[PDB]
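Next up, structure tokens for two forms of one chain, structure 1 and then structure 2.
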Structure 1
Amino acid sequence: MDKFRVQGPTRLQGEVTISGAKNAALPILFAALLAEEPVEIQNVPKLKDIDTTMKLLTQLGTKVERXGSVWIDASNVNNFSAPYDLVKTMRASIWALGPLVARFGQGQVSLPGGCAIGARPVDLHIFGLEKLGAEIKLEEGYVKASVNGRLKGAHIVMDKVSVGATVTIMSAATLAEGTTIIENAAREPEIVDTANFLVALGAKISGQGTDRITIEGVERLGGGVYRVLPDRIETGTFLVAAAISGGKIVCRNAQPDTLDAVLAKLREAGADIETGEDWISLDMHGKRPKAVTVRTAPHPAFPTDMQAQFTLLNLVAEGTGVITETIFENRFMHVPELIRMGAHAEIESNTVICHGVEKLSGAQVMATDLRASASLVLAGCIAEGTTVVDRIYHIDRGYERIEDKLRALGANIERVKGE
């Protein structure tokens, strides 16, 4: 089990190039099942789920290959079933359902142990496709969809905001007969990116980014070249890296408008921030951060995927600050780990009261959540001594070569193979 051995303290400063967002690349890759002509998806990070997705698409009859781009030719897709062995490691596989039923009138995806599709009183993937006219069956370890003819546009009200189901419904609606209006739609930048990709193929969609998305169905989608947007969470992670170490960093290949809440919170912490069309610079001017108040909420509000990172920021800041989760109320496993590194904090209900200390101390730590794990690596960079972060494969799956990026910023980090 690989680990990262980090030697601190080190100021993290310089430049980093932000990779494409896996959370946008995945729905775009599945949306490509709708394309009748070749598609080139650019700026796709090299991460496990991307490979898993390519293997699944191939099984469906898609011709795929990759490098910086992933080239897709779904013209001859002829198998409409995503098997257990190809989906067991990735829940995103559910996104094959909508496109398949919308373009070929049928589809099915295996549901492995731990998969909660159909378990909610109202599963929005199922609800949305049913509203569009599909008949959904949950049988023999699969979720199956079918429709006689084409799907039909409908006014669909999502009873909860769901990025997952918004992608499913929006994607399938592009080939439905008529207009579909999605109310209470997820507003995440990845939804916007998926919508713009579909439009690039010839789809008619408006309202992406707002709580209401309107799709006017078309007979077919063609092809095109589309560049995946920057990973806003990776960006925030590196901005935090500089913010907690007195450094100055410039993030290249970034998209500032996906991070309004995060940048505003860093300014409250004392960061000197500037932005350009494709870059963001953060400069602490050698100063320790000031404690801030953080409250996670649905985009465009402060993102829960940056919560662990800002908890770390508060734990080395001047003053007492509070972290409040309204999305994942017990997403605090990074706290006990940081406490073993000398951090001072109390977890109370859905909040963490942080009492910032001047310097952390190295320890052997581990968190299974991707963002928490990355935060522990950052903590090791600024702590006094040696920090060993275990099970870093979790990071490997969500960040593209974070080791190389941190090293180029000044980190003393080494990947170690099993103890």
Structure 2
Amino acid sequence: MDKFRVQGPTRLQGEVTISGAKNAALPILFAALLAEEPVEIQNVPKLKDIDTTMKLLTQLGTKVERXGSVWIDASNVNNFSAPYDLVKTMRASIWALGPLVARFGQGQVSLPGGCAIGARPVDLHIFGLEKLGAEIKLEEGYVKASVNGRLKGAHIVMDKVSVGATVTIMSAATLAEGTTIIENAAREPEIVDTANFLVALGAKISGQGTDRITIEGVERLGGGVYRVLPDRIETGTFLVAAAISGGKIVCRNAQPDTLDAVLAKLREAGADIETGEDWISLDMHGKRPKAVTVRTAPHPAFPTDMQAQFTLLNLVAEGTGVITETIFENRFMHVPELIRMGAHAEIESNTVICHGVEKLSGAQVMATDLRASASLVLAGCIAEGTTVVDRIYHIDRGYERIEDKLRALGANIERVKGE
């Protein structure tokens, strides 16, 4: 069980090159099942879920190869069932369903949590596919979809904003007959990237990034080359790393417009920020951050995946600031660990009241959530002494070699094997 041993305090300064977003690469890799011609997906990070996805695609008959790119040939997909052993570690496997039924008229995906009645994430995917004309059967541990001929466009009102179901419905709609209009569509940049990838293959999609997406179906999709957009949360994490350590950083291979709310909140904390077409610079001019108010909400508002990192920023800031979590009004496990490093905070309801302190102290800490865990590593970089962050494989599933990128910024950090 790997751990990171960090020695602080260190001012983090320099540059970092942002990896492609795993959360955009995943939906794009599943959407590639729709492609009749070869596809090259560029800037794909090397992370576990990408490997899991490639193995699942291969089981369906797809030919897949990878390096920085992932090359796909789905011309001969010939098995339309995603089995239990290949889906059990990744809920995103459900994204194979829509493309399979849309292209081949049938598909099925194993459900590890069962088919028992009650409300589940898969419900909105089923809802949308049934609106497009698919018959959905929940039998023998699978969700199975089928349709005679092509799906048919429909006006679909999602009663909850859902990235997963938005992707399923938008992707399947690309091959339906007619027009599909998705209301209350998720607006995430990863949805916009998936939409633009589909358009690159020949789909017709507009409104992506807004609450309403319109897809005009076509008979078949082709192939091409598409580059996955930068990971905005990895970017935010490194910006916060500089913001809490009196540092200065330039993030390369970045996309500023995916972080409007984050950059505005960092400017409130006193950061001097500039942006270019593909870079963001942040400079604290050696100053401690000023406390800020944070309220998470659906994109384009402040992202819940940056909440832990901004909780840490407030805990070393000047002033009392409040973090309100509306998405997972209970994602606060980083708080008790930061208190053990000297932070002052009280969790009340779905909020954390932060009273900033000048300096944290090293401690042995651990969190399962990868953003809370990454926040603990950043805390170790600025705390006095030695910090040991345990179970960092969680971080490894979402960040490529974070210790190397942090070391390039001046951190004293070492990956220790089995302690």
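Between two forms, the rigid core is defined as the largest C-alpha subset superposing within 1.5 Å. FYI, numbering is relative to structure 1, first residue = 1.
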Worksheet item: After the core is superposed, which of these residues, 122, 157, 333, 297, moves its CA 2 Å or more between the two structures?
Response: 122
Response to the item:
Taking the rigid core as reference, the Cα of residue 113 travels between the two structures a distance in Å of 3.6
Fill in: Core-aligned Cα shift of residue 141 between the two structures, given in Å
1.1
